[PDB]
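Peer 1: The structure under discussion is supplied below as structure tokens; questions concerning it will follow.
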Amino acid sequence: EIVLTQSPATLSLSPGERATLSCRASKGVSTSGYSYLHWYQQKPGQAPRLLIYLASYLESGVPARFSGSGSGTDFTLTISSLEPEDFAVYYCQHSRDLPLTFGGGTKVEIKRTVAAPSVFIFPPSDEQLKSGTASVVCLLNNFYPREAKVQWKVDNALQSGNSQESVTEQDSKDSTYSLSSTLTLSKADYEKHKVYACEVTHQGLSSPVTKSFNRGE
Amino acid sequence: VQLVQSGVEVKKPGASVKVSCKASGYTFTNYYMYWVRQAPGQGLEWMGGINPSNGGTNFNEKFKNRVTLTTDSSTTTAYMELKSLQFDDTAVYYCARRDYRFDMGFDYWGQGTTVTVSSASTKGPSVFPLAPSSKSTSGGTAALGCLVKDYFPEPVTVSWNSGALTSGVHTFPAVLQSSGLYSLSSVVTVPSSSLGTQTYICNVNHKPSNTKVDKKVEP
Amino acid sequence: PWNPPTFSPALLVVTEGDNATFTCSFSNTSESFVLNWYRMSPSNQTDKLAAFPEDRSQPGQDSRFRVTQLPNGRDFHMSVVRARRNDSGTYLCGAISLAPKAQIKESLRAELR
């Protein structure tokens, strides 16, 4: 198969700014001066929309600020000036042979000033503790950029393999992200330790922030 | 010009699913139809295509053994049957059309059909408070919420104080736990001083299991 | 820009196992066009047999139909390899403009027997 590599995975830009996205194929996708490469836009919860076909042709209905260029293994999609509507995920796709394949996607997000998370921690509810399971929740609220490290520590021991995290879409009002992380243990494991902490690293913080509590506090 | 696909599916492993894509006479005489899927959190993957004029097909080799593609000319409808379903067949499935003269891109896509495959059965959520305290208080702000845990399938919908409370709310995307059930949290930030002057209730609705629960969250 | 391609011979006769070769002529410097070779369906629709350049993502593609660009660049050989009984019928070629996206101009139609 021909594999398409898109870069960068994320572009952080402000409205009005030029966006340039790249797509690189593992083998040539051009024949006789034709390049079998197309570009699509996708918004959350929506089907993709065709932007550019055969590397350089503008799909009818699509605004003139979108344009495509390239041939062989090297392609770009350019948005000459970003409108608020253009912050979305973009994919390239080839049809030089079978199988048809898509690139991994590039997300164009809104750039804003660095914002440190506020960190909150929530002990398991007593109600849950009756069920034989204990969930500890760490919340990072309203931060930017999206990159944040959350580490769980139980009696100072780093936890691995017993937590999951989720991240909101970029806020439509202040362009920040929020993150929830859940540490899950059996009630029996939970009652065998005293101190639960989540340690948060983020470029908006001068040092990592530790939120903790004593079980039974 | 429309491509209209059939609705949500929830399936056991080993089962079959048949997704439909209703088009038009014009589409059928002037386009080929293709199927594409998208697993949660991932990109797009091509599965196969069909020529409505002669029923001829092509395939991503990965899918050839389990996918059947057909058209019904008389109702100008395309069908994708995926058999012997696996856990990682969980995805949104799209039908898309392409000009029959030359590939000028997939210029129109159907709205997508969500397919979930799991040995899990339909299950209502357990709702737990995320209780505000000094450990959830930064400055003059406090955070609280609800933990909506161990339900199946998606989706659950969460509101606060019956929809009156919207500003400062974050309802996170669900995660699939090792157990096969989903969990989600919904949090709100409020002035800390309001913890003793305001009632906060999370309303959780899980239509597949007929579940409607309200949970008062106290400090 | 631009005229419809020509398609010859008007009448082509063979019987079993032969090769039936038409010629589509399209004078262009492309200016990207593509070419299609069609046969008329029983419902009088234009069924696409092959394209130039090759439409590799056409589902249900039949390799018996081949389109070959000749050195002058203007003439294309459109050929049925090992032609059969039911291959008899009406054929034509079309030039398709990629930039107005829509635009096709078809040749006059021909008969194969």
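Residue numbers (the numbering used here), protein chains in the order written: chain A, 138 to 354; chain B, 143 to 361; chain C, 705 to 817. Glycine is no exception: its CB is placed at the ideal position from the N, C-alpha and C atoms.
1. At a Cβ threshold of 8 Å, is B:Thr-331 touching chain A?
2. Taking 8 Å as the CB-CB limit, is B:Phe-244 close to chain C?
3. Tell me which residue opens and which closes the beta strand (DSSP E) that A:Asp-326 is part of.
4. Of all the residues that make up the region 726 to 750 of chain C, which are near chain B by a beta-carbon distance shorter than 8 Å?
5. State the beta-bridge partners of A:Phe-280 as determined by DSSP.
6. Starting from the Cα of A:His-339, find the closest Cα among A:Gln-143, A:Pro-221, A:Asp-308 and A:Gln-288 and give me that residue.
7. Between which two residues does the alpha helix (DSSP H) holding B:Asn-345 run?
8. Could you tell me which chain B residues have their CB closer than 9 Å to the CB of C:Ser-761, listed as they occur along the chain?
9. Quick check: A:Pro-261 and A:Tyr-327, are their CB atoms within less than 8 Å of each other?
10. Going by CA-CA distance only, name the one from A:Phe-350, A:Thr-213, A:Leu-295 and A:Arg-155 that's closest to A:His-175.
11. For A:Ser-163, decide whether its Cβ has a neighbour in chain B, counting only Cβ atoms nearer than 8 Å.
12. Can you tell me whether C:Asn-723 is helix, strand or coil according to DSSP?
13. With a threshold of 7 Å on Cβ separation, who are the neighbours of B:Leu-323 within its own chain once the five nearest residues in sequence on each side are excluded?
14. Helix, strand or coil for C:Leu-753, going by three-state DSSP, please let me know.
15. By the 7 Å beta-carbon criterion, what residues does the region 801 to 814 of chain C contribute toward chain A?
16. Could you give the residue range of the alpha helix (DSSP H) that holds B:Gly-167?
17. Run through DSSP, which three-state label would B:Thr-217 get?
18. Using a Cβ-Cβ distance cut-off of 8 Å, determine whether C:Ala-755 contacts chain B.
19. Using the Cβ count rule (16 or more neighbours within 10 Å means buried), how would you classify B:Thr-341?
20. Could you please tell me which residues of the region 321 to 346 of chain B, in chain order, have their CB closer than 8 Å to any CB of chain A?
21. Thinking C-alpha only, which one of A:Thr-157, A:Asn-351 and A:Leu-195 is nearest B:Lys-277?
22. Would you kindly check if the distance between the Cβ of A:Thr-238 and the Cβ of B:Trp-177 is under 8 Å?
23. Contact defined as beta carbons within less than 8 Å: I believe B:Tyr-235 pairs with B:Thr-218. What is the distance between those atoms, to the nearest angstrom?
24. Measuring CA to CA, which of A:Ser-197, A:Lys-286, A:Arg-202 and A:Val-226 is closest to A:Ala-184?
25. How is A:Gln-179 classed by DSSP in three states: helix, strand or coil?
26. Can you look up A:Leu-235 in the DSSP assignment and give me helix, strand or coil?
27. If contacts are defined as beta-carbon pairs under 8 Å, then B:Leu-286 and B:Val-259 qualify, I think. What distance do you get, rounded to the angstrom?
Peer 2: Walking through what the data contain:
1. yes
2. yes
3. Run containing A:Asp-326: none in the beta strand (DSSP E); it sits in the alpha helix (DSSP H), 324 to 327.
4. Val-738, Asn-740, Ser-745 and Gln-749
5. A:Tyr-314
6. A:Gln-288
7. No alpha helix (DSSP H) contains B:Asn-345, which is instead part of the beta strand (DSSP E) from 343 to 348.
8. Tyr-174, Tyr-176, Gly-191, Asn-200, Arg-240 and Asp-245
9. yes
10. A:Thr-213
11. no
12. strand
13. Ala-262, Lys-265, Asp-292, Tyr-293 and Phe-294
14. strand
15. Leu-802, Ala-803 and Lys-805
16. 167 to 172
17. helix
18. yes
19. exposed
20. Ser-325, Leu-326, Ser-327, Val-329 and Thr-331
21. A:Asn-351
22. no
23. Incorrect: roughly 19 Å between the Cβ atoms, too far for contact.
24. A:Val-226
25. strand
26. coil
27. Contact flag wrong, Cβ pair sits at about 35 Å.
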